[PDB]
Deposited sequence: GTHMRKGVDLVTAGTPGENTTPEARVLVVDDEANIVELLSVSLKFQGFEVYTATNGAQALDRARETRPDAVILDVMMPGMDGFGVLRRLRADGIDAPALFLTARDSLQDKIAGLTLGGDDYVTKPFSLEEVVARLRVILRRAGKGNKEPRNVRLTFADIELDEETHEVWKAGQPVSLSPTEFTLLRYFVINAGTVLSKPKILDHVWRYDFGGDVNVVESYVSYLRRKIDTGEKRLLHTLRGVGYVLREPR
C-alpha cells in the first residue's frame, strides 16, 4: 500500500513536476491537476488522503478550489503553498481544521514533514491468550513482557492470531507472509515458525501446534 494518496493542484508545471517526483520517491501515490476543474475530477476518481495546493492560481485562488472540493464531500486535509506577503491577511483560511501551509520559497523537507503531520491529525490491539500485538507500531508482548520480532515474524504472528484455531498449511503461510513474491522451499516456513515459537510460545501450555503432514495452528489448549 502507498503511505497516502496525494493530489497536487498548481498551475505552475515545473512545481507540479518537482512535487510529484519528490513525493513519489518518498513512497506517496501522487495525482496532479493544473486548475480547479481538473482538481474536482481527479479527486472523485482517486479519492485523495491529502491535497497540496498553491494559493496563487489563475482565475480562482486556492481557497475557492478547496471550498468547492469540500462541498463535494472531499474532506481530505490540505497543505497550501503560499506567499509570505499575504500571511497576516490569510492566516484564518490557511490553518482552519487540520490544514497547514508552507511559504514560498519552500523546501521539500518541509513539504513532506507538514504533509505527514496533517495526515496523522486526520486519522480519526490484538490479543490472544497472553500474547498482545499493536498493528500500528509492531510492538509485541508475552505475559506483559516486550518481545522483539523481525517484520516477518510479526506478520507470521499476526496471521496465526487473526486465524486462531485454523490449521494453516505451509503453502498458505508462505503465500501470505511474503505476499506471493516468494515461491521457494516451504522449510523457510518451518524455520520462521521455529523462531516464532522460541520468542512467544515459551509458557506452561503450548499455544502453537504442529499437526504433522497438514499444518500449524494456534490454539490455547
{"property": "Deposited positions without coordinates, collected into consecutive stretches in sequence order", "result": "1 to 20, 145 to 152, 250"}
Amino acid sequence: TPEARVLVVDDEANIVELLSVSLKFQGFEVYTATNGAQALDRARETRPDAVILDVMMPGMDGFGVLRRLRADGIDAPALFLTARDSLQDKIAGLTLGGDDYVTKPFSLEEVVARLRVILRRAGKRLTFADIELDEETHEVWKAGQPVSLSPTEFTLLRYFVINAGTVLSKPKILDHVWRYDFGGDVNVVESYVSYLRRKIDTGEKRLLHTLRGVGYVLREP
From here on, numbers count along this sequence of modelled residues.
property: Comparing 100 to 108 with 133 to 141, the one whose average Cα B-factor in the PDB entry is higher; result: 133 to 141
property: Mean Cα B-factor comparison, 58 to 66 or 165 to 173, giving the higher one as deposited; result: 58 to 66
property: Out of 78, 81, 71, 113, residue topping the C-alpha B-factor column of the entry; result: 71
property: Chain-wide C-alpha B factor ranking for residue 202, given as lowest, middle or highest third; result: highest
property: Position of residue 153 among the chain's modelled residues by C-alpha B-factor, lowest, middle or highest third; result: lowest
property: Entry-reported Cα temperature factor of residue 24, expressed as the chain third it lands in; result: lowest
